[PDB]
Amino acid sequence: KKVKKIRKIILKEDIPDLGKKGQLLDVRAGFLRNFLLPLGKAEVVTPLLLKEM
Amino acid sequence: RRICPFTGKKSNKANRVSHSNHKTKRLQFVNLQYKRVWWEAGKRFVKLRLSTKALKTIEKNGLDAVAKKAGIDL
RNA sequence: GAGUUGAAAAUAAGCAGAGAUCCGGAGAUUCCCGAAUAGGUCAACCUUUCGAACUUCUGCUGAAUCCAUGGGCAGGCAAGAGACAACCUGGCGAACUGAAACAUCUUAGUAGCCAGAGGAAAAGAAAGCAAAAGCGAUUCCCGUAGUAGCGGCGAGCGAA
RNA sequence: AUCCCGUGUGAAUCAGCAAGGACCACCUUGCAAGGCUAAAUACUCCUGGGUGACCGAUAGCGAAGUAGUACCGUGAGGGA
RNA sequence: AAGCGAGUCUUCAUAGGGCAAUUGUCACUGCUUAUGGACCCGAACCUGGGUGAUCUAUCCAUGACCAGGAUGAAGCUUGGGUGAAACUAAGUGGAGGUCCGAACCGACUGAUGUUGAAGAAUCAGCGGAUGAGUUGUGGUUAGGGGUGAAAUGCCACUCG
RNA sequence: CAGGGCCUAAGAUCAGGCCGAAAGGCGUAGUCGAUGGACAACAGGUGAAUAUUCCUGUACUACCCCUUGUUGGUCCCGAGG
RNA sequence: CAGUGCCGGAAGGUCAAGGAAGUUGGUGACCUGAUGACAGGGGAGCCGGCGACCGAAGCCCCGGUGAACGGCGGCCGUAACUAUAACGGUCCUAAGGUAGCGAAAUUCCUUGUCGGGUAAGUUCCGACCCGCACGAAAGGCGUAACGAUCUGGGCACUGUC
RNA sequence: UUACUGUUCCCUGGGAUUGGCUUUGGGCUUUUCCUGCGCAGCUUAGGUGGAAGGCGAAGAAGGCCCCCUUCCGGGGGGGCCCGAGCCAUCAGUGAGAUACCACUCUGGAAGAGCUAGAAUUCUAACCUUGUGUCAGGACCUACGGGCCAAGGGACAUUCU
């Protein structure tokens with residue numbers, strides 16, 4: 015019926031699958047909620063933090 | 021109660037209609053489900069009873085402005 | 001300004017033309033129960049370390065946890081609790097009835113129940129009506145009008 | 001159609017958005033997703049005045065004396 | 001219905017036909033009609049919120065009672081019988097959803113009593129009476145229910 | 001002497017805690033709750049109405065004072081009962 | 001083991017919500033006709049209608065299961081006198097009642113017929129089976145003991161008479 | 001009650017809570033091909049356009065051979081060999097070259113995207129448990145709270 019969107023993440027730690035600490039490979043919102051955001055492992059791409067830093 | 025503390029979503033008094041237009045009551049209520057969401061101002065999980073629209077707020081807007089919008093965080 | 005100690009007579013003693021009784025404004029006391037509140041309670045009682053218990057506020061100390069939170073201690077004329085006929089608002093919310101039966105509908109979002117609150121409450125300052133002409137928040141009354149409609153196009157319901 | 005909600009998806013800022021009874025085009029009107037406000041208004045457990053083609057002890061309040069009393073019920077309650 | 005208008009609709013047609021070509025109003029009183037309890041009395045009922053498990057139907061907790069008298073199951077120990085068994089006299093014992101029968105519990109028959117002494121009893125007998133017993137006190141389940149060794153029984157002389 | 005100043009059973013109320021339109025429902029600590037557990041008085045007389053209660057005899061509980069010792073004691077905790 | 005119930009099964013058929021290729025409609029900048037008082041076509045955007053195909057369980061289907069629901073038949077004929085049917089054929093079902101019982105708490109006719117009991121017995125007991133309309137866990141047939149159970153008879157006993 | 005209309009328990013699908021890896025694998029594409037018996041014919045007429053030039057020796061006609069749809073009539077190249085041609089208007093012919101290609105078809109592949117479904121597991125969501133550990137004046141081997149551990153696990157749970 016419907017598909018849920020994909021949320022952007024910017025890394026802070028080496029993914030054992032795809033990304034080494036700095037890539038912008040966007041995966042899933044639930045993979046950010048349950049796994050990446052509590053473990054200090056990814057962040058949300060915001061223009062206030064990415065563009066000026 | 022079946023209310024979400026962040027967004028004030030309550031149950032819906034909404035009848036159900038059959039083919040012969042017979043109407044019962046069917047109190048219709050939200051999917052405010054048990055979760056345990058990470059909190060950045062303490063770096064720790066909080067156990068909450070969240071509606072899914074409020075889930076979309078605390079992932080979209082962040083838990084700080086939503087929890088201060090409700091007024092409670094502890 | 002002339003007699004008083006209620007109804008309510010009698011008796012015993014008073015109180016009073018340096019003004020009693022009484023009336024009015026502001027105060028004081030208000031045992032015990034009852035929100036009842038130190039704790040219990042089988043209401044008007046018991047036990048008491050004689051205590052506004054609990055929630056809220058303020059202050060100190062500050063667990064698992066670093067900041068926290070919880071707790072504990074303390075202060076406080078100390079904010080709330082409880083009551084209220086009807087109206088008002090919010091929520092749950094019928095059925096007998098009418099349809100000459102009855103299920104859509106009506107009775108009816110009425111009664112009842114709970115919560116809240118004031119002398120009124122709700123609403124209320126146009127993301128509005130209207131129609132090429134115009135009005136300027138909400139509420140209430142007369143009217144349009146029993147009209148346009150809605151409805152097993154039945155019973156009925158009925159605006160703007 | 002307008003208005004408000006349940007699940008899920010999910011915009012635009014004035015060069016726009018919403019409404020004008022499906023909807024589209026043009027015009028007109030207004031600026032939702034933030035709150036607060038007196039008056040006119042409805043009622044009587046009452047209070048203070050004035051009335052009554054209202055009653056007069058089977059009436060008028062249930063109640064003109066102990067009246068929600070005596071009495072009945074375990075109680076809710078009924079009730080002179 | 002746009003629309004036309006002393007006309008208009010139907011039509012190829014005014015040929016014909018339908019309907020018009022005009023008419024007071026506001027009150028009071030009276031009779032009827034419509035919505036309300038609607039001429040008065042009367043249901044069995046339905047729904048909502050409460051009150052009740054002192055009666056009674058379960059169950060729980062904690063206590064108490066069951067006079068007196070009969071029978072003698074299991075076991076045990078002696079002694080018979082073989083190298084041990086199987087089994088039996090004889091005592092001892094006191095089991096029972098045992099028997100007779102009081103308190104107690106219950107109500108099978110009959111008579112009385114039917115404005116009864118009594119809204120369910122008296123009298124004469126009757127069934128159980130160590131149990132699936134009886135009872136006191138404090139409780140428990142509450143009506144779209146409870147409880148029921150199950151009768152639609154009982155839930156305060158009320159229960160489809 | 002019988003209850004309370006002691007204790008708990010069934011059960012109730014339940015701080016916090018979970019749940020739920022409201023009212024409230026579930027439930028832990030805790031607190032109530034005797035029909036139970038613990039605790040010390042009997043005989044004679046008096047008497048219009050009172051007697052284990054008043055009088056007299058003998059007792060028994062629970063604390064204080066008076067004399068010997070001790071420096072720790074009370075409560076919570078561990079156990080028997 | 002037919003129908004129903006229950007269990008199991010997956011091949012196929014039927015199949016909702018929803019997704020979706022495609023098709024189609026309305027509006028519409030613009031282009032054309034137009035002795036009419038207007039009309040025809042139409043890009044994008046927006047709003048829709050139908051919709052090939054996917055789409056589970058259920059259901060149809062298949063197989064099992066009577067201490068699951070329940071049901072267990074008619075028609076005639078023929079054996080050395082009268083008979084009666086061991087036996088036979090036929091129709092229809094899923095199958096046509098097995099043991100035992102049997103005028104029964106079940107039997108209408110019926111007070112069936114016989115035997116017992118009685119002077120006399122629509123009641124009782126023992127039999128036959130023509131069981132209107134018994135029957136095997138809605139169990140069937142029995143029996144010691146028991147019953148304020150129903151019912152038949154007898155002794156003793158008496159105002160029941 | 002297999003009367004009607006329904007409701008509820010329950011089951012089953014789309015969404016959400018809801019994530020990570022790889023396979024089996026049905027439909028769309030990311031370029032190229034083997035590929036086509038109306039006709040008289042060097043030939044089994046793939047509907048159109050570019051058309052005097054391409055494949056070539058970085059080794060072509062024709063002989064050695066593996067494979068296939070098959071109307072076994074006729075073809076493709078992997079290896080070796082061979083040694084200077086396959087032609088091009090030809091006449092047939094609505095429409096022409098097996099000299100060449102941008103496209104693309106009834107059938108499939110090469111490595112890749114997208115979407116199913118189903119399966120494998122991991123833990124981090126979610127569920128359950130712990131007389132395992134810590135905690136305040138003291139306990140929580142009393143519910144519970146923090147931590148840790150184990151079992152499941154994107155299933156189950158809850159909602160529409």
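As you go down the protein sequences, you meet chains A and B in turn.
FYI, in my numbering the residues of the first sequence are 15 to 67.
FYI, in my numbering the residues of the second sequence are 21 to 94.
All C-beta atoms, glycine included, are put in the ideal place defined by N, C-alpha and C.
Asked, Found
"Identify, in the order they occur along the chain, each residue of the same chain with its Cβ nearer than 8 Å to the Cβ of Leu50 (chain A), setting aside the five sequence neighbours on each side.", "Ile23 and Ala56"
"Given a cut-off of 9 Å, decide if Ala43 (chain A) and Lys18 (chain A) are closer than it, judged by their beta-carbon atoms.", "yes"
"Name the two residues that bound the continuous beta strand (DSSP E) containing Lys55 (chain B).", "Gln53 to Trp59"
"Let me check one thing: in DSSP terms, what residues is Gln48 (chain B) bridge-paired to?", "B:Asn32"
"Taking 8 Å as the limit between beta carbons, can you name the residues of its chain near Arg56 (chain B), skipping five residues before and five after?", "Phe65, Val66, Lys67 and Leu68"
"Could you check whether the Cβ of residue 116 (chain B) sits closer than 9 Å to any Cβ belonging to chain A?", "As shown, chain B starts at 21 and ends at 94. That puts residue 116 (chain B) outside it, with no answer to give."
"Can you give me the start and stop residues for the beta strand (DSSP E) that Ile24 (chain A) sits inside?", "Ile23 to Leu25"
"Ignore the nearest five residues each way along the sequence and tell me which others in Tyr54 (chain B)'s own chain have a CB closer than 7 Å to its CB.", "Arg69"
"Cα separation between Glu27 (chain A) and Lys35 (chain A)?", "4 Å"
"Any beta-carbon of chain B closer than 9 Å to the one on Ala43 (chain A)?", "yes"
"What in chain B is Cβ-close to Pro61 (chain A), meaning under 7 Å?", "Here the premise fails: no neighbours, minimum Cβ distance about 15 Å."
"Taking the alpha-carbon positions, what's the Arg46 (chain B) to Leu62 (chain A) distance?", "47 Å"
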